[PDB]
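Structure first, then comments.
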Amino acid sequence: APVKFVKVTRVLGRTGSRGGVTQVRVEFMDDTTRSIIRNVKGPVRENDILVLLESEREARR
Amino acid sequence: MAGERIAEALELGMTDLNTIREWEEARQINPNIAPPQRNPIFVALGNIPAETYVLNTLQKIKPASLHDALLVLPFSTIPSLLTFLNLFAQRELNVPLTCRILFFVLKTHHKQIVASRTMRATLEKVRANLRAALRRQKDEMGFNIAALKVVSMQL
Amino acid sequence: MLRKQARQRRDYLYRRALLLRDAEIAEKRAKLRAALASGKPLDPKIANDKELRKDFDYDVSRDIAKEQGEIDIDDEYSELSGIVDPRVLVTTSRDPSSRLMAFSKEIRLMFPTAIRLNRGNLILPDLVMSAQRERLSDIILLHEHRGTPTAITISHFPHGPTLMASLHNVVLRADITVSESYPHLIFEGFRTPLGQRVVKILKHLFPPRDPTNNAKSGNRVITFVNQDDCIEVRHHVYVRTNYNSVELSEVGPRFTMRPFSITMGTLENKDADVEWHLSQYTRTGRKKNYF
Amino acid sequence: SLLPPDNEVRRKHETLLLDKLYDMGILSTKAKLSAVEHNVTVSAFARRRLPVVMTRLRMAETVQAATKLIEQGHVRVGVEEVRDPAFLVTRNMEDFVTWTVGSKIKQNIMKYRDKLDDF
Amino acid sequence: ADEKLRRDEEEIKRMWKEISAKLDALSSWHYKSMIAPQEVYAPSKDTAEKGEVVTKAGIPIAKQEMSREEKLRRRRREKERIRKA
Amino acid sequence: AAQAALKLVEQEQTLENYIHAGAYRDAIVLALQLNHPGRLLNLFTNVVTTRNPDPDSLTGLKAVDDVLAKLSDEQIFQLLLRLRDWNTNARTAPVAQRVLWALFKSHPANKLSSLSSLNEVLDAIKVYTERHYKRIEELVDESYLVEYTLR
Amino acid sequence: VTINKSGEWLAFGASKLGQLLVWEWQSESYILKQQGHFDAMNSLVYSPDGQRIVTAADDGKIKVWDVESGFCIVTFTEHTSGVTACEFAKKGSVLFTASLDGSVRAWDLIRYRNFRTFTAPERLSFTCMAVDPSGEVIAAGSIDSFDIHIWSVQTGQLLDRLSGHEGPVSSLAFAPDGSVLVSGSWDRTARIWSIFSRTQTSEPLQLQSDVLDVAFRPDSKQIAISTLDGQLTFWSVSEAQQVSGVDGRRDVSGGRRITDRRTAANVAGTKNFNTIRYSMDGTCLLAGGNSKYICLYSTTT
RNA sequence: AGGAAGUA
RNA sequence: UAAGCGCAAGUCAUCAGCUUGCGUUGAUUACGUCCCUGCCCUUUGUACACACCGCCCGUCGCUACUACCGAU
């Protein structure tokens, strides 16, 4: 399980569902192009470096 | 749920284009019996094209939250959206809409689009259909404003 | 700010004193006009007062506006009578109980534009300074005995009449969510001008209404009615099941209220002039409803 | 008051005259047009001037002391250092009148009250 | 006469503009190109003299074309506007 | 005119099955006769949203261009009435500028300035067409983003 | 009166108002008819193009001047009694202005006529004005009331009036991001107004004296206030915290008007900045008051 | 007078 | 703000089985979202643009005209 650092561009306003879970737009940090959207618990803003595990997650609510 | 609406409608239109390109290859082979067997959500609206299905379900979303449902779109289903904007710019189905939401999608996703390669080929296609569409309609309306000038000066 | 509201207190009390100075010239002027119009008997002091005729002819038309009902009476309410939405705080005593914060919950749940603050440790001139700066157009205070509440003190701003009232026969919410529409005020038994003052300081405490279809639109009613100067309020929600029938339901706190003070000036003015208080310990004070 | 007394131009210009002149500060109640008939007065204008209204606010002791102070320029009305002794002060500008910023008079006030601060 | 009442009223309005300007000046002001297309032509009921009706879309749609269902729905829509207004 | 009423009922009974059929020419003509025009706008929207665009044409389908050239005076000016009524909407402006474009390409500036309330008609068409033209011009200058997104 | 060498143009100057005009005497026509302001100005801004400056005055008119050619291209006369403030949006289409008439008039500058004149329910006289950069929110503020009134442009009504201040709010400014309103008031305080989210919250900035002015860094991370001492100070906006400050009392002293029996360097009343701006880089400030010196500071050093 | 129906 | 801590008062109603003030010390954790539970409002208006949407829908009623089914 290699660790992939990652950061944030957009905060996805009207989508985020089921409680305080913020869904967020994510631009990868080592290769600064590949951008997936991830599910984030807790307070998160733009320009905020997130640490994610295995990136084979394409799901939402 | 609106981004899920254009996600699943985008996927149903994508498999619809898959079935009519398989059937289109088969009718380029022979006029033999080749059942297209379309989707029982398309046949309930009446054997409609995916252009007017996906266009009408992009006109259901009210254009405040158009960029919200449009902005939740993942990079997996950006290319099928570019396919249908190639079709909307081809047969000219509401070109201020396909301009507007095209420019939202590229305007966000530049570095993935400019770093990719295949969507610069389909981006060349939608460049051709978009430029020909806006070019033609622009030329028509310019001719009409000139003609209305000549008649209104003629009186 | 403070110089503004202090000079507004002082100027308001001065103009009220000029009302009390001009009461006799107002009644004398009204008998002059009504005896010009109706018929020939007129008092010879009125007919002989030579300043009254000139100041009459300058000041007829405003008494015409009063008799017609045109102008509004100078008051701590009719500057912003029904246009502004009155923001109303509710607070408690200093260290409230579980029952007292639940009662605070249901009475802020009674008024629509009513915010609720935790008490904490908040010096009371910081209550009137805080509601003075963030323009809470009414605050109400709460007091308990062992959680079962025993007083409220409505008190509004910049310098409006506080009312202090004890509290009896209180039933909270029972076992089991209540709507917040702009409610329906009814007021029964306020026959006197003191009843008209307490009815004014209760009917400018709620959000006003656009006057088109208030008679039908809305399902929430709030009822104040006094027997023996101890007013009542119940809180009912209603569906009008016919054109000639209606189904009510008790929604909240069963409430009765004995006012013991009406003090002009705010909650800090413990020196300002009362207009009313309970006359216990007089000998015929327990035989009168309003005074 | 020479109009017929049911008229609407009367019932509006009464309220605008009385409310204008009251909130100006010359009248003292806004419920009597007889108060304009014999209670508007050049003494009421002159007592609505600046050295009298700060004598009345007790910014000074007398109108001569307050006039001398506002010709030496210690006062302000609002934000601007007023040096005119004829500056008419209206009723809500009788709240925003105090001493100017670096005022020796104000250091004498905080100095009397034993609470100054050289900061 | 009403000519005298209105001549007196206009002279009193002239007096109040002059005097009220002089009062605000004494208090030093501490008192209290063309046309859009929708204002050249906009399609509406006064603009259509029809057996058709100009809709809220701006498009005339004729009753003779309108079936049972669409005249029904426009009755219930205008009655929705009556229950609101 | 009871037989004229039976003529109206009969030709309506033709036109509904005619729009059910794939032909559009005598529904343009028979709708400029029947004078109920919301489906006339549905006919121009149908004919410009056809899949088949050919030839080098004016409206799309072949007969429509020279049935606009073979349309008469009161019929054409009444069509200018309903194109100043369809030019206002921005959803049906692209399907009215194209048949309006066929109309101005066919008929000259004397047939169109021939009399039969003409000034404010073509003025209203002028101002709304200028509005939507300014919109699509701004769309073009936004399409050079895609021109840049290649290289 | 002067008269051309040809004999075809006549020029007339009326000295009381501005009123310069040139007149073709045979083709009877104004080739020129121009006028300045016959009263003190109160505000100027620039279009975001940068080619025209608009200025308002106590004359009652708000007029639109071209930077080249030295003429007023428009003069709007629909206020009365002195125009206090004057501003644009991001767009440069709409000219939002404010006046002691009691009204904020939102002018359409391509059609030369106003959308919407807002005013307050009780009669006010607004002295300060700030429009959101995406120009769909209006803030204004007065001396008579000391709450702050917010209208909505794409509706037309009044969206809120906002609390908090113990004195007449005397400088209003939205951020060029458009997330934060900032109020500067005579309660010797400033205020961060976070409107647009679900918590319309405040965050006060306890200052030392009466706030005269408020200006934003063109990136919205830092703000400057003029306060009545004569001192400017510089504040972080995200984490609200003073970062810097100038005491400019001696830098601005344009001394000894007549009817000063006090000396030039003792007049308090020329020793404060009415108005401050940043430059478009965000490096230097303009600062200026009731004085003779315009005072150009920096931010980093 | 009732019962059931259409269109506007 | 929650929580601890003592001190004072007893103000015509209430309150010593306590009540109400007053100071002292003072955090964590949300400060976003309507997904769950709900509550309110939109689809009519209220002034006008540059911009943008494009006729929400079902069930009975009230009337107006047209023609019937069964008594008298």
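The chains in the structure tokens are called A, B, ... from first to last as shown; in each chain the residues are counted from 1, and the ligands are counted from 1 in the order shown.
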
Query raised in the report: Quick one: residues within 8 Å of region 63-78 of chain B, only C-alpha atoms (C1' of nucleotides) counted, chain neighbours fewer than 2 positions away excluded, as an NGL selection string?
Result: (:A and (12-15 or 35-37)) or (:B and (1-4 or 6-7 or 10 or 61 or 80-82 or 101 or 104-105))

Give me a file of those residues, with N, CA and C atoms, as a PDB file, in the first residue's frame.
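New file out.pdb:
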ATOM      1  N   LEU A  12     -16.827  21.235  -4.367  1.00  0.00           N
ATOM      2  CA  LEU A  12     -18.019  20.456  -4.758  1.00  0.00           C
ATOM      3  C   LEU A  12     -19.233  20.749  -3.866  1.00  0.00           C
ATOM      4  N   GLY A  13     -19.780  21.949  -4.053  1.00  0.00           N
ATOM      5  CA  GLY A  13     -20.874  22.445  -3.239  1.00  0.00           C
ATOM      6  C   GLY A  13     -22.153  21.627  -3.162  1.00  0.00           C
ATOM      7  N   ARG A  14     -22.926  21.546  -4.245  1.00  0.00           N
ATOM      8  CA  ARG A  14     -24.277  21.004  -4.143  1.00  0.00           C
ATOM      9  C   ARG A  14     -24.329  19.484  -4.126  1.00  0.00           C
ATOM     10  N   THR A  15     -23.202  18.803  -4.291  1.00  0.00           N
ATOM     11  CA  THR A  15     -23.238  17.349  -4.419  1.00  0.00           C
ATOM     12  C   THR A  15     -23.324  16.666  -3.063  1.00  0.00           C
ATOM     13  N   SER A  35      -6.503  13.932 -11.857  1.00  0.00           N
ATOM     14  CA  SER A  35      -7.389  14.575 -10.895  1.00  0.00           C
ATOM     15  C   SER A  35      -8.641  13.737 -10.716  1.00  0.00           C
ATOM     16  N   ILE A  36      -8.798  13.144  -9.536  1.00  0.00           N
ATOM     17  CA  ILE A  36     -10.028  12.438  -9.198  1.00  0.00           C
ATOM     18  C   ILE A  36     -10.723  13.209  -8.093  1.00  0.00           C
ATOM     19  N   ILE A  37     -11.983  12.892  -7.830  1.00  0.00           N
ATOM     20  CA  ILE A  37     -12.717  13.507  -6.736  1.00  0.00           C
ATOM     21  C   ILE A  37     -12.847  12.484  -5.612  1.00  0.00           C
TER      22      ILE A  37
ATOM     23  N   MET B   1     -28.356  14.642  -7.361  1.00  0.00           N
ATOM     24  CA  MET B   1     -28.705  13.465  -8.142  1.00  0.00           C
ATOM     25  C   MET B   1     -28.681  13.838  -9.629  1.00  0.00           C
ATOM     26  N   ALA B   2     -28.523  15.132  -9.921  1.00  0.00           N
ATOM     27  CA  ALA B   2     -28.552  15.587 -11.310  1.00  0.00           C
ATOM     28  C   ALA B   2     -27.285  15.200 -12.067  1.00  0.00           C
ATOM     29  N   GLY B   3     -26.131  15.218 -11.396  1.00  0.00           N
ATOM     30  CA  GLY B   3     -24.929  14.677 -12.004  1.00  0.00           C
ATOM     31  C   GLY B   3     -25.020  13.185 -12.234  1.00  0.00           C
ATOM     32  N   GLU B   4     -25.767  12.485 -11.381  1.00  0.00           N
ATOM     33  CA  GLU B   4     -26.086  11.090 -11.646  1.00  0.00           C
ATOM     34  C   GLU B   4     -27.052  10.956 -12.818  1.00  0.00           C
ATOM     35  N   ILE B   6     -27.163  12.991 -15.586  1.00  0.00           N
ATOM     36  CA  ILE B   6     -26.403  13.090 -16.827  1.00  0.00           C
ATOM     37  C   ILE B   6     -25.308  12.037 -16.916  1.00  0.00           C
ATOM     38  N   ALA B   7     -24.923  11.425 -15.795  1.00  0.00           N
ATOM     39  CA  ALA B   7     -23.995  10.301 -15.856  1.00  0.00           C
ATOM     40  C   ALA B   7     -24.669   9.063 -16.433  1.00  0.00           C
ATOM     41  N   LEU B  10     -25.816   9.737 -19.948  1.00  0.00           N
ATOM     42  CA  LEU B  10     -24.648   9.738 -20.809  1.00  0.00           C
ATOM     43  C   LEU B  10     -24.192   8.317 -21.108  1.00  0.00           C
ATOM     44  N   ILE B  61     -32.086  20.200 -16.281  1.00  0.00           N
ATOM     45  CA  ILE B  61     -31.344  20.801 -15.180  1.00  0.00           C
ATOM     46  C   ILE B  61     -31.389  22.316 -15.308  1.00  0.00           C
ATOM     47  N   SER B  80     -17.410  10.741 -23.047  1.00  0.00           N
ATOM     48  CA  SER B  80     -18.715  10.533 -23.666  1.00  0.00           C
ATOM     49  C   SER B  80     -19.496  11.832 -23.762  1.00  0.00           C
ATOM     50  N   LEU B  81     -19.280  12.739 -22.809  1.00  0.00           N
ATOM     51  CA  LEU B  81     -19.832  14.080 -22.930  1.00  0.00           C
ATOM     52  C   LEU B  81     -19.238  14.807 -24.126  1.00  0.00           C
ATOM     53  N   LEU B  82     -17.927  14.673 -24.351  1.00  0.00           N
ATOM     54  CA  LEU B  82     -17.339  15.286 -25.541  1.00  0.00           C
ATOM     55  C   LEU B  82     -17.843  14.645 -26.830  1.00  0.00           C
ATOM     56  N   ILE B 101     -21.632  24.701 -21.930  1.00  0.00           N
ATOM     57  CA  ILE B 101     -21.183  23.630 -21.051  1.00  0.00           C
ATOM     58  C   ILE B 101     -19.916  22.958 -21.571  1.00  0.00           C
ATOM     59  N   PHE B 104     -17.347  25.258 -19.937  1.00  0.00           N
ATOM     60  CA  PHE B 104     -17.170  24.860 -18.542  1.00  0.00           C
ATOM     61  C   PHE B 104     -16.281  23.624 -18.422  1.00  0.00           C
ATOM     62  N   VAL B 105     -16.529  22.595 -19.246  1.00  0.00           N
ATOM     63  CA  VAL B 105     -15.819  21.323 -19.071  1.00  0.00           C
ATOM     64  C   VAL B 105     -14.341  21.450 -19.439  1.00  0.00           C
TER      65      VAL B 105
END

Report task. Please run DSSP on the backbone and report, as a PyMOL selection string, all residues within chain B that come out as alpha helix (DSSP H). Result -> chain B and resi 2-29+42-45+50-59+66-71+78-91+95-108+110-115+118-154

Report task. Write out as a list in words each polymer residue whose atoms come within 12 Å of region 3-5 of chain H, counting only C-alpha atoms (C1' of nucleotides); drop sequence neighbours fewer than 4 positions from it. Result ->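 With the cut-off at 12 Å, the set is residues 66, 67, 68, 69, 70 and 71 of chain I.
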
Requested in this report: Taking only C-alpha atoms into account, report as a list in words which residues of chain C lie within 12 Å of chain E.
Outcome: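 Here they are: residues 212, 213, 216 and 217 of chain C.
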
**Report entry** Two-atom distance - CA of residue 74 (chain C), CA of residue 15 (chain C) (Å)
**Finding:**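 Computed distance, CA of residue 74 (chain C) to CA of residue 15 (chain C), equals 8.9 Å.
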
Report task. Can you check which residues of chain A DSSP gives as strand (DSSP E or B) on the backbone and send them as a list in words? Result ->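 Of chain A, the ones in strand (DSSP E or B) are residues 4, 5, 6, 7, 8, 21, 22, 23, 24, 25, 26, 27, 28, 35, 36, 37, 38, 39, 40, 41, 50, 51 and 52 of chain A.
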
Those same residues, written as a JSON list (two decimals), in the first residue's frame with C-alpha atoms?
[["chain", "number", "residue", "atom", "x", "y", "z"],
["A", 4, "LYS", "CA", 0.14, 8.98, -2.58],
["A", 5, "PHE", "CA", 0.10, 12.62, -1.55],
["A", 6, "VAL", "CA", -2.57, 14.71, -3.19],
["A", 7, "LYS", "CA", -4.12, 18.17, -3.03],
["A", 8, "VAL", "CA", -7.38, 20.05, -3.50],
["A", 21, "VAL", "CA", -18.69, 14.18, 4.54],
["A", 22, "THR", "CA", -17.31, 16.80, 2.16],
["A", 23, "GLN", "CA", -16.75, 15.55, -1.35],
["A", 24, "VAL", "CA", -13.86, 17.35, -2.96],
["A", 25, "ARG", "CA", -11.94, 17.76, -6.22],
["A", 26, "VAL", "CA", -8.47, 16.35, -6.07],
["A", 27, "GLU", "CA", -5.40, 17.09, -8.21],
["A", 28, "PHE", "CA", -2.55, 14.61, -7.77],
["A", 35, "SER", "CA", -7.39, 14.58, -10.89],
["A", 36, "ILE", "CA", -10.03, 12.44, -9.20],
["A", 37, "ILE", "CA", -12.72, 13.51, -6.74],
["A", 38, "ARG", "CA", -12.58, 12.01, -3.25],
["A", 39, "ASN", "CA", -14.71, 11.76, -0.12],
["A", 40, "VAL", "CA", -13.39, 13.72, 2.86],
["A", 41, "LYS", "CA", -14.56, 13.65, 6.47],
["A", 50, "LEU", "CA", -4.82, 15.29, 1.51],
["A", 51, "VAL", "CA", -3.23, 11.87, 2.03],
["A", 52, "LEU", "CA", -5.03, 9.05, 0.26]]

Query raised in the report: Please, what distance in Å, to one decimal, runs between CA of residue 150 (chain C) and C1' of residue 4 (chain I)?
Result: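 If I compute the distance from CA of residue 150 (chain C) to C1' of residue 4 (chain I), I get 27.2 Å.
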
Query - 12 Å contact set for residue 142 (chain G), only C-alpha atoms (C1' of nucleotides), chain neighbours under 6 positions out, as an MDAnalysis selection string - result: (chainID E and resid 30:32) or (chainID G and resid 84:85 98:104 119:120 122:129 148:149 161 165 167:172 183:186)

Save the residues we just selected, C-alpha atoms, as a PDB file, in the first residue's frame?
ATOM      1  CA  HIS E  30     -27.944  66.426   7.541  1.00  0.00           C
ATOM      2  CA  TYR E  31     -31.629  66.064   6.667  1.00  0.00           C
ATOM      3  CA  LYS E  32     -33.686  62.954   5.803  1.00  0.00           C
TER       4      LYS E  32
ATOM      5  CA  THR G  84     -21.602  60.916  -2.096  1.00  0.00           C
ATOM      6  CA  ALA G  85     -20.306  57.699  -3.564  1.00  0.00           C
ATOM      7  CA  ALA G  98     -25.076  56.793  -3.849  1.00  0.00           C
ATOM      8  CA  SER G  99     -26.406  60.082  -2.597  1.00  0.00           C
ATOM      9  CA  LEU G 100     -27.773  62.197   0.266  1.00  0.00           C
ATOM     10  CA  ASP G 101     -31.059  62.298  -1.629  1.00  0.00           C
ATOM     11  CA  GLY G 102     -31.409  58.983   0.173  1.00  0.00           C
ATOM     12  CA  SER G 103     -30.856  56.751  -2.760  1.00  0.00           C
ATOM     13  CA  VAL G 104     -28.453  54.382  -4.501  1.00  0.00           C
ATOM     14  CA  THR G 119     -33.602  53.440  -1.041  1.00  0.00           C
ATOM     15  CA  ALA G 120     -34.206  52.608   2.564  1.00  0.00           C
ATOM     16  CA  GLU G 122     -37.178  54.806   6.657  1.00  0.00           C
ATOM     17  CA  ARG G 123     -35.700  57.848   4.951  1.00  0.00           C
ATOM     18  CA  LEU G 124     -31.891  57.952   5.051  1.00  0.00           C
ATOM     19  CA  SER G 125     -29.074  59.853   3.353  1.00  0.00           C
ATOM     20  CA  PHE G 126     -26.400  57.395   2.322  1.00  0.00           C
ATOM     21  CA  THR G 127     -22.787  58.442   2.541  1.00  0.00           C
ATOM     22  CA  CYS G 128     -21.032  55.175   1.689  1.00  0.00           C
ATOM     23  CA  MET G 129     -21.486  52.503  -0.944  1.00  0.00           C
ATOM     24  CA  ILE G 148     -25.755  48.823   7.055  1.00  0.00           C
ATOM     25  CA  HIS G 149     -28.285  48.233   4.259  1.00  0.00           C
ATOM     26  CA  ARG G 161     -29.799  45.433   7.124  1.00  0.00           C
ATOM     27  CA  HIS G 165     -21.751  48.989  14.971  1.00  0.00           C
ATOM     28  CA  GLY G 167     -21.628  54.507  15.244  1.00  0.00           C
ATOM     29  CA  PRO G 168     -22.198  55.729  11.687  1.00  0.00           C
ATOM     30  CA  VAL G 169     -20.423  53.349   9.343  1.00  0.00           C
ATOM     31  CA  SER G 170     -18.055  55.474   7.328  1.00  0.00           C
ATOM     32  CA  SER G 171     -16.310  53.247   4.833  1.00  0.00           C
ATOM     33  CA  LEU G 172     -17.691  50.172   3.100  1.00  0.00           C
ATOM     34  CA  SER G 183     -17.346  47.959   7.427  1.00  0.00           C
ATOM     35  CA  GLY G 184     -15.367  50.751   9.041  1.00  0.00           C
ATOM     36  CA  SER G 185     -17.255  52.792  11.603  1.00  0.00           C
ATOM     37  CA  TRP G 186     -17.065  55.650  14.161  1.00  0.00           C
TER      38      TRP G 186
END

Could you produce a table of the residues of chain C lying within 7 Å of chain D, with the nearest pair of atoms per residue and their separation in Å rounded to one decimal, using only C-alpha atoms, ordered by chain and increasing residue number, as a tab-separated table?
residue	atom	partner	partner_atom	distance
C:3	CA	D:95	CA	5.6
C:4	CA	D:95	CA	6.0
C:15	CA	D:29	CA	5.8
C:55	CA	D:34	CA	5.2
C:57	CA	D:1	CA	6.5
C:58	CA	D:1	CA	5.0
C:59	CA	D:33	CA	5.7
C:60	CA	D:5	CA	6.6
C:61	CA	D:5	CA	4.8

Write out the residues from the selection above, keeping N, CA and C atoms, as a PDB file, in the first residue's frame.
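Written output follows (selection_26.pdb):
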ATOM      1  N   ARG C   3     -25.162  58.340  23.214  1.00  0.00           N
ATOM      2  CA  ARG C   3     -25.649  59.711  23.241  1.00  0.00           C
ATOM      3  C   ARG C   3     -26.917  59.861  22.417  1.00  0.00           C
ATOM      4  N   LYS C   4     -27.020  59.078  21.341  1.00  0.00           N
ATOM      5  CA  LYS C   4     -28.219  59.068  20.514  1.00  0.00           C
ATOM      6  C   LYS C   4     -29.410  58.513  21.267  1.00  0.00           C
ATOM      7  N   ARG C  15     -41.583  65.253  24.871  1.00  0.00           N
ATOM      8  CA  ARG C  15     -42.762  65.415  24.017  1.00  0.00           C
ATOM      9  C   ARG C  15     -44.010  64.825  24.662  1.00  0.00           C
ATOM     10  N   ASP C  55     -54.647  79.783  17.354  1.00  0.00           N
ATOM     11  CA  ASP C  55     -54.052  78.452  17.438  1.00  0.00           C
ATOM     12  C   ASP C  55     -55.030  77.346  17.053  1.00  0.00           C
ATOM     13  N   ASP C  57     -57.311  77.848  14.355  1.00  0.00           N
ATOM     14  CA  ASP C  57     -57.232  77.905  12.891  1.00  0.00           C
ATOM     15  C   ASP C  57     -55.905  77.399  12.336  1.00  0.00           C
ATOM     16  N   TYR C  58     -54.817  77.508  13.100  1.00  0.00           N
ATOM     17  CA  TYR C  58     -53.599  76.810  12.714  1.00  0.00           C
ATOM     18  C   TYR C  58     -53.669  75.315  12.998  1.00  0.00           C
ATOM     19  N   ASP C  59     -54.372  74.886  14.043  1.00  0.00           N
ATOM     20  CA  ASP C  59     -54.287  73.496  14.472  1.00  0.00           C
ATOM     21  C   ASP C  59     -55.628  72.764  14.421  1.00  0.00           C
ATOM     22  N   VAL C  60     -56.472  73.055  13.427  1.00  0.00           N
ATOM     23  CA  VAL C  60     -57.703  72.282  13.263  1.00  0.00           C
ATOM     24  C   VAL C  60     -57.398  70.910  12.689  1.00  0.00           C
ATOM     25  N   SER C  61     -56.625  70.882  11.600  1.00  0.00           N
ATOM     26  CA  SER C  61     -56.612  69.752  10.679  1.00  0.00           C
ATOM     27  C   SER C  61     -55.986  68.504  11.279  1.00  0.00           C
TER      28      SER C  61
END

Query raised in the report: Within 10 Å of chain G, which residues of chain C show up when using only C-alpha atoms, listed as a VMD selection string?
Result: chain C and resid 1 to 2 4 79 to 80 83 to 84 129 to 136

Can those selected residues be exported to a file as a PDB file, in the first residue's frame so that it contains C-alpha atoms?
ATOM      1  CA  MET C   1     -24.885  55.610  19.883  1.00  0.00           C
ATOM      2  CA  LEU C   2     -25.336  55.946  23.611  1.00  0.00           C
ATOM      3  CA  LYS C   4     -28.219  59.068  20.514  1.00  0.00           C
ATOM      4  CA  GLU C  79     -42.188  54.524  14.726  1.00  0.00           C
ATOM      5  CA  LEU C  80     -41.666  51.046  13.227  1.00  0.00           C
ATOM      6  CA  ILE C  83     -42.842  47.291   8.645  1.00  0.00           C
ATOM      7  CA  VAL C  84     -39.824  45.938  10.481  1.00  0.00           C
ATOM      8  CA  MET C 129     -25.806  46.897  25.309  1.00  0.00           C
ATOM      9  CA  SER C 130     -25.656  43.722  23.225  1.00  0.00           C
ATOM     10  CA  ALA C 131     -29.298  43.844  22.160  1.00  0.00           C
ATOM     11  CA  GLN C 132     -28.788  47.588  21.859  1.00  0.00           C
ATOM     12  CA  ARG C 133     -26.027  47.143  19.255  1.00  0.00           C
ATOM     13  CA  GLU C 134     -27.452  44.124  17.402  1.00  0.00           C
ATOM     14  CA  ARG C 135     -30.928  45.490  17.085  1.00  0.00           C
ATOM     15  CA  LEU C 136     -32.935  42.822  18.878  1.00  0.00           C
TER      16      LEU C 136
END

Report task. Just the residues within 9 Å of residue 145 (chain B), please, counting only C-alpha atoms (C1' of nucleotides), with nothing from its chain fewer than 3 positions along; format it as a VMD selection string. Result -> (chain B and resid 140 to 142 148 to 150) or (chain F and resid 125 to 127 129 to 130 133)

Report task. Write out as a ChimeraX atom specification each polymer residue whose atoms come within 9 Å of region 231-242 of chain G, counting only C-alpha atoms (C1' of nucleotides); drop sequence neighbours fewer than 2 positions from it. Result -> /G:180,192,203-205,220-229,244-249,272-273,276,287,299

Determine, for each residue of region 53-127 of chain B having at least one atom at most 9 Å from an atom of region 40-62 of chain F, the closest pair of atoms and their separation in Å to one decimal, counting only C-alpha atoms; order by chain and ascending number, as JSON lines.
{"residue": "B:91", "atom": "CA", "partner": "F:51", "partner_atom": "CA", "distance": 7.4}
{"residue": "B:92", "atom": "CA", "partner": "F:49", "partner_atom": "CA", "distance": 8.3}
{"residue": "B:93", "atom": "CA", "partner": "F:49", "partner_atom": "CA", "distance": 8.2}

Please save N, CA and C atoms of the selected residues as an mmCIF file, in the first residue's frame.
data_model
loop_
_atom_site.group_PDB
_atom_site.id
_atom_site.type_symbol
_atom_site.label_atom_id
_atom_site.label_comp_id
_atom_site.auth_asym_id
_atom_site.auth_seq_id
_atom_site.Cartn_x
_atom_site.Cartn_y
_atom_site.Cartn_z
ATOM 1 N N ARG B 91 -25.229 18.198 -35.575
ATOM 2 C CA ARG B 91 -26.590 18.443 -36.032
ATOM 3 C C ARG B 91 -27.220 19.682 -35.407
ATOM 4 N N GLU B 92 -26.435 20.475 -34.669
ATOM 5 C CA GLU B 92 -26.799 21.795 -34.132
ATOM 6 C C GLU B 92 -28.027 21.741 -33.219
ATOM 7 N N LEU B 93 -27.854 21.094 -32.073
ATOM 8 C CA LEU B 93 -28.906 21.001 -31.063
ATOM 9 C C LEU B 93 -28.537 21.928 -29.909
#

Requested in this report: Find the residues around residue 10 (chain I) up to 9 Å (only C-alpha atoms (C1' of nucleotides) counted), leave out those fewer than 3 positions away in its own chain, and share them as JSON, numbers by chain.
Outcome: {"I": [15, 19, 20]}

Report task. For chain G, work out the contacting residues on chain E at 12 Å, counting only C-alpha atoms, and write them as a list in words. Result ->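 In the required form, that comes to residues 20, 21, 22, 24, 25, 28, 29, 30, 31, 32, 33, 34, 35 and 36 of chain E.
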
Requested in this report: Residues of chain E near chain H: apply a cut-off of 12 Å, count only C-alpha atoms (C1' of nucleotides), and supply the list as a ChimeraX atom specification.
Outcome: /E:63,67-68,71-72,75

Residues of the last selection are to be written out with C-alpha atoms, as a CSV table (one decimal), in the first residue's frame.
chain,number,residue,atom,x,y,z
E,63,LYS,CA,-56.9,27.0,-29.3
E,67,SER,CA,-56.9,19.7,-27.5
E,68,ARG,CA,-59.0,18.8,-24.5
E,71,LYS,CA,-57.1,23.7,-22.6
E,72,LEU,CA,-57.8,21.7,-19.4
E,75,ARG,CA,-57.6,26.2,-17.0

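Take the candidates G:259, G:270, G:154, G:208 and check each one against residue 48 (chain I) using only C-alpha atoms (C1' of nucleotides); the shortest distance goes to G:154.
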